[PDB]
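Chemist: 3D, please:
(chains A, B and C, ligands or ions: 3)
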Amino acid sequence: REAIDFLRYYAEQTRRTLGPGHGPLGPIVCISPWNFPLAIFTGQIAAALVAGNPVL
Amino acid sequence: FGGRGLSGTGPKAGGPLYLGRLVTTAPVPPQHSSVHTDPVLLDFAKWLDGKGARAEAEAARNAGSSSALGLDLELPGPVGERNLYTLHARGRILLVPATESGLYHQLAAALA
Amino acid sequence: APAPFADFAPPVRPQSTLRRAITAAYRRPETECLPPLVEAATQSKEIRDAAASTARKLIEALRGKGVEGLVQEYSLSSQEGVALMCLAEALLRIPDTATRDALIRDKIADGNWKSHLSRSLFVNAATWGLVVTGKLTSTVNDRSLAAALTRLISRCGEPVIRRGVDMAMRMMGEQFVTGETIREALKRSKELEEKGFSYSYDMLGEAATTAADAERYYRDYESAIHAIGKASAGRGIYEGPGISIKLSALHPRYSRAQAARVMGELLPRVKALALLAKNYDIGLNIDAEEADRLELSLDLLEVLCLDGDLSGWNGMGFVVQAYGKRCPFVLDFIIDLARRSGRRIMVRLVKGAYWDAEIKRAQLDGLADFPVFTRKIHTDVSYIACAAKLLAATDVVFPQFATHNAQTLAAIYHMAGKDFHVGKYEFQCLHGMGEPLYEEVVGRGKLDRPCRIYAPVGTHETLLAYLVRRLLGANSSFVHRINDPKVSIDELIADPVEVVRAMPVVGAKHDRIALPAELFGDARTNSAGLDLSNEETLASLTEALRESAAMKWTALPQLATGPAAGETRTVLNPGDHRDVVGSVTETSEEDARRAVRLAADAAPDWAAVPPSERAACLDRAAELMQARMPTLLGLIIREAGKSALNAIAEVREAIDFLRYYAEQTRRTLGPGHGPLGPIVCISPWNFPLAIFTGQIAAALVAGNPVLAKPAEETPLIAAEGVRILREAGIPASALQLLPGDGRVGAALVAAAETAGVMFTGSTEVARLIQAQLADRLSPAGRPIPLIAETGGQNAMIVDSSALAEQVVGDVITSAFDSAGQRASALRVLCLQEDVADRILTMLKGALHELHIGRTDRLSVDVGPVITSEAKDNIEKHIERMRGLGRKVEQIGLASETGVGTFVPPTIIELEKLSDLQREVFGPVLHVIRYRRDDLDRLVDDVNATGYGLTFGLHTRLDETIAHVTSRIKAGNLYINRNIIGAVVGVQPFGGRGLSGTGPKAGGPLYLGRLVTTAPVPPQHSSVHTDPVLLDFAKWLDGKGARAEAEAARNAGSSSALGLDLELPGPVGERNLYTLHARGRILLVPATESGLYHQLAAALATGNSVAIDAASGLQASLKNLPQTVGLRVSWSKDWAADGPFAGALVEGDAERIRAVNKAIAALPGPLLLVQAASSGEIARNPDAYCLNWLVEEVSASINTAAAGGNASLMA
Ligand SMILES: Cc1cc2c(cc1C)N(CCC=O)c1c([nH]c(=O)[nH]c1=O)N2C[C@H](O)[C@H](O)[C@H](O)COP(=O)(O)OP(=O)(O)OC[C@H]1O[C@@H](n2cnc3c(N)ncnc32)[C@H](O)[C@@H]1O
Ligand SMILES: NC(=O)c1ccc[n+]([C@@H]2O[C@H](COP(=O)([O-])OP(=O)(O)OC[C@H]3O[C@@H](n4cnc5c(N)ncnc54)[C@H](O)[C@@H]3O)[C@@H](O)[C@H]2O)c1
Ligand SMILES: [Mg+2]
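Modeler: Numbers count the residues shown, from 1 in each chain, chains lettered A, B, ... in the order given. Ligands and ions are numbered 1, 2, ... in the order given. I have put the structure below:
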């Protein structure tokens, strides 16, 4: 559920905010832990991606 | 979700400041504003006016308005719970200026 | 010399039987109005079924067929939609289309909009909020809107800006108005006139503030009549277009109080417009306004319809409001006038547009009931009953049924029956709102009944002024309900007549709206006022006032043993020294000293009267004053020079004090709250009944016998107040009256048995009393309590978002009401530079519409100043300012003022606030200008006077409200209203610094100062703990001072710092009461433990401290945490380190007396000093009472200022 919520929340925050002047950083390295191995994994990656950054 | 000190850097995961850290120019998050103006910022702006530092005084007034310090929101959630989100001062900011004008701008940002 | 009150308020004309029937219904109970309306509105079962079918068909058409689509297309939030429309509004203020488009493409869309657009973008965001969300907010969250505008532009750029511009252009040019100018409106009317509609044009003028404004509205109406009549081209008054006017647009003093000027000056103007309408044969309709203008407008209608120069024309029209209780009786009068004159009067029946404001005004004025219904369904029944009356008289009047309610329409359609011809009656609707409904009505293919469109005409500026009232789509509104999908058609076609008929109590008042008498519920009974627009009231008051002037009023030294002999002199009317009001016998200094001794002897007997019974005496005195109000008014008018309106409000305030302190007593006082003993009450001339009564009632009900020393100028009303309190049961030994001057006051203050002094008056005299009390201690060895409520230097700050007409009304009232002889009066008006010229022009024009004279005439706005000495003092200030080159504006006084002591209302333009150095207690307004960036420095300048009584702010912007109210230091704040007339228990009154010691009169801390152990007031607590107090308690625990750390934590809990309450009051206002820190407290300790207890008390209440360095206790505060150190200073020279806001002293009796003398000698404000011995600190945790270490702040916010009351819309 938390992974789903991260995806939908960062999607909605993107629709509310991001425009052509909010340029991406570039490649983002997302390093995640074993204790939320889907939710924190997905949350970091989803945020970086939807902000316009490719992810490792 | 997220904290301060040894608990991390912020911004909070699952919160409205998160995406702004992942772009080179941050947007204005939804509902991110405050009608409160820091009183020490106001005193600093008047001091700058007295010195004739008109550009810096203007920057200080603008920082005072655009600061969201004092934001106090209730977030939608389940019944039987009240879920609050607030923006407070961070603490003591390390300022590393090079020029007098840069120092005045950094001070305005921190005070605001 | 004119006889007193012989010309008080004569009516325009003798009241006919029909006119008296109107006045009799003004405030008739709602349960009495409805039954005859239900009877008149009843129709046959066949008709009701037919009407429901017709209404269903119309509503089905309406549901089966703008900004919403824009919000959807760009996924805008509500705040983004509002911000976008404010931006579009600002861009449309750029006249040239090409430069606007370049600003959008090259500067607005590409980034910073703030750089390119003295006035907030968001000044009208309350209006656009209504457009976008359907909900009204009184003030604008301009920081939220700025954030949303930046967000939406950065997200969507130029396209969303262009769409917003096009949307706002359509709405403001085509939807909210028919056209920007009358020519444009006339061009756009051809389309629907070809479909069977007609038009009535509204030039959006109302509420003239100045003669120049009234002349502007006149020439605007005249030019419109020419354009409409040229276009009418002989179509006549039924097929062709007409005009609608508001009488308040045509004269700046359109009121019953100025009836003579209205008939002399306003009437000829309306006649001239009507003559032009007659020559073109168009309709001219008089719109209906507030309830207190209804009957006045009938006098103009009567003269116009009887004027032979207007004969031959049937175009005169007149609105009647069905939400008003007088409506059927007004219609009887109009129908009869139409018969007598032979004029077929055009009668527009509306429901009514001022509902919120009428509820608020009746509550504020303490009147018997409302002049409008309180349930919407009652207005609907009234409308239908009045339509039946009008449909029975179509041979003599032309009924015009203005409504958008399809059920109301259908009921009238079938009520009117089958016979119809154009000219028999018509329907009416509002442009851009009723055409969907009436496109189903007009024409042979529909119901074949005509409809006249009410068409607003004006620029964007004019449109936005009163657009909020027009939108109030409330909640019970048909237009709101037709759009609500949760509302079925069956609900929409419900018959209000049958619903009212079947309710348990027909006509019951709305459950959630308080009658004025019940504003405070079970706590106490509100005082009742008098309606000076009611002819029955004016006629009764005329006689009661004349009778009061025939009385041989006297004031005598009324000792416990009986009246005493003394020097006797007359009391003269300050408006005319030929008018002798009465005689005063003044008190010898020997008898004043004797009075205190008798009070001390009688003190045990009065203290033994149980608190509940003492409060019963106060309630009985309140009943007596309410009953005697007309006579008390007359005395106040003639002795103190007050207008009738102000005298009513003063007697109300006296009644309110009596009932408030009685209730506070019943809530708090018990056996352990022992009286102080004899209390000397010294009162000023300017509220000679209310402040006089307030101080005495508080002291008496707290269990103290009282020596009452009234101002030497106003002894008669004081003697009458004492007579009333004694009649109510106050024993003669408990309340003694000592008339005379300050020497009598001084002898009372100096008397050995005086246990407390309550003073209201000048700061200079209070300082003399403080110096005399500094020599004295109570038998217990504590300072003699002094409550001293003194002057003000009160400011109002106005920014470019405020509404100039609102500002000018509140400034004229605040500065010149009572000839500026209120402690609360506005002394310094501060105008933002970009609106200062326009507001100042309006203010000067309004100044010259004031009537100055002897106050036994209702038409007088401003009376005299109290004495020749006061007049000389005030005029000396004016001439000094004039001698310095400052611009001075003064109205010219009539020769009749020569027999009294008058100062003309005066406006003085200053360069800096420091040009003004002392309170000038008269009708003298000072004006300064400021740049918006210097607002914070301006607030500094206001605080820098050292005063802190009343303060006003006019702004619509939340950021400015938050800033200014957080930085101003004053006891009574007012937002978007005037700054005078604080109400007992609603705006508890009193300030800080040079303005007083506190506690506030009419507030919950007052009685506790008048007993030796203060009670816990109602609602007096706080869950907040001062964080520096907590740091200090931890520091104490670290130092091993465990008992003191415990006492510090207890102080932190016991403190009520942070209390934040809303007090009950009228609708349309929010009245807040809060407890703050006082400031910097002077600490004068003797021992280490004493210092820790003093510091704990001060920090727990949010204060900083200056500690007496001569105590030698510096080593007791080694290594304080920095948070506490920030609050602590050491003072060798107390006078150099002030002003302080209070003091805490430790020592024996001789030490306390010596410190008290040194504190009294400090410059500036009187300090509330608390003293205790070291032993008392050890024994009594409350040795220093936290009640006196916080500062009370009252704030009153006019939440109807945006044009309506959102809470009442539900
Ligand atoms: C259509 C129209 C309206 C008005 C005027 C002309 C025309 C053609 N006219 C001039 C325009 C304004 O200056 C006018 C109006 N009102 C007024 O006081 N003086 C005037 O000269 N006009 C407005 C009119 O009174 C009314 O406000 C509206 O048309 C709305 O009424 P409508 O009948 O279309 O809607 P309903 O929803 O069935 O009724 C709403 C009205 O009901 C009353 N109300 C609301 N709450 C109430 C409570 N709690 N108690 C009692 N009455 C209540 C109000 O009167 C509300 O307006
Ligand atoms: N803060 C408030 O609530 C409030 C309300 C009304 C008026 N005021 C102030 O009152 C002033 C005007 O009223 P006023 O002209 O009657 O005030 P004042 O100071 O001239 O006299 C007030 C009373 O003090 C008495 N008095 C004069 N000298 C005295 C002395 N040496 N010892 C004892 N008593 C003495 C007078 O007889 C009078 O009864 C204004 O400064 C106004 O601001 C304050
Ligand atoms: Mg005096």
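Chemist: okay, CA-based contacts and neighbour counts for the rest of this
Modeler: Noted.
Chemist: end to end, how far does stretch A:33-42 reach?
Modeler: One end of stretch A:33-42 to the other measures 11 Å (C-alpha to C-alpha, to the nearest Å).
Chemist: can you list the residues that contact it?
Modeler: The list of residues contacting stretch A:33-42 from outside it, by C-alpha atoms under 8 Å, 6 or more residues apart in numbering or on different chains, reads A:2-3, A:6-7, A:30-32.
Chemist: Need those residues in a markdown table (columns: secondary structure, distance to residue A:13 and neighbour count).
Modeler: Putting these into a markdown table (DSSP: H, G, I helix; E, B strand; the rest coil; distance: C-alpha to C-alpha, whole Å; neighbours: other C-alpha atoms under 10 Å in any protein chain shown) gives the following:
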| residue | secondary structure | distance to residue A:13 | neighbour count |
| --- | --- | --- | --- |
| A:2 | helix | 16 | 14 |
| A:3 | helix | 15 | 18 |
| A:6 | helix | 10 | 22 |
| A:7 | helix | 10 | 20 |
| A:30 | coil | 20 | 15 |
| A:31 | coil | 22 | 10 |
| A:32 | coil | 22 | 16 |
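Chemist: Tell me which residues touch the closest residue to chain B within chain A, please.
Modeler: Across chain A, the shortest distance to chain B (C-alpha to the nearest C-alpha) belongs to residue A:24, at 4.5 Å. Going by C-alpha under 8 Å, 6+ apart, residue A:24 touches A:51-53, B:22-24.
Chemist: List just the nearest of the residues you listed to ligand 1.
Modeler: Closest approach to ligand 1 among those (C-alpha to the nearest ligand atom): residue A:51, at 49.0 Å.
Chemist: Which residue is the nearest non-sequential neighbour of residue A:10?
Modeler: Excluding its sequence neighbours, the residue lying closest to residue A:10 (C-alpha to C-alpha, 6 or more residues apart in numbering or on different chains) is residue A:47, at 6.0 Å.
Chemist: For chain A, what lies in contact range of chain C?
Modeler: Chain A comes close to chain C at residues A:16-21, as judged by C-alpha under 8 Å from any C-alpha of the partner chain.
Chemist: hmm, try it at 7 Å
Modeler: A:17-19, A:21 (C-alpha under 7 Å from any C-alpha of the partner chain).
Chemist: of all of chain A, which residue lies closest to chain C?
Modeler: Closest point on chain A to chain C, by C-alpha to the nearest C-alpha, is residue A:19, at 4.2 Å.
Chemist: Quickly find the element holding that residue.
Modeler: For residue A:19, there is no host helix or strand (DSSP states H and E).
Chemist: how about it, what does it touch?
Modeler: C:154-156 (C-alpha atoms under 7 Å, 6 or more residues apart in numbering or on different chains).
Chemist: can you give me the helices for chain A?
Modeler: Here chain A has its helices, by DSSP state H, at A:2-17, A:39-50.
Chemist: any idea which of these is most buried?
Modeler: Sort the helices of chain A by mean neighbour count, taking mean count of other C-alpha atoms under 10 Å in any protein chain shown, and helix A:39-50 sits at the top with a mean of 21.
Chemist: Report the distance from it to the chain centre.
Modeler: 3 Å (C-alpha atoms, centre = their mean, to the nearest Å).
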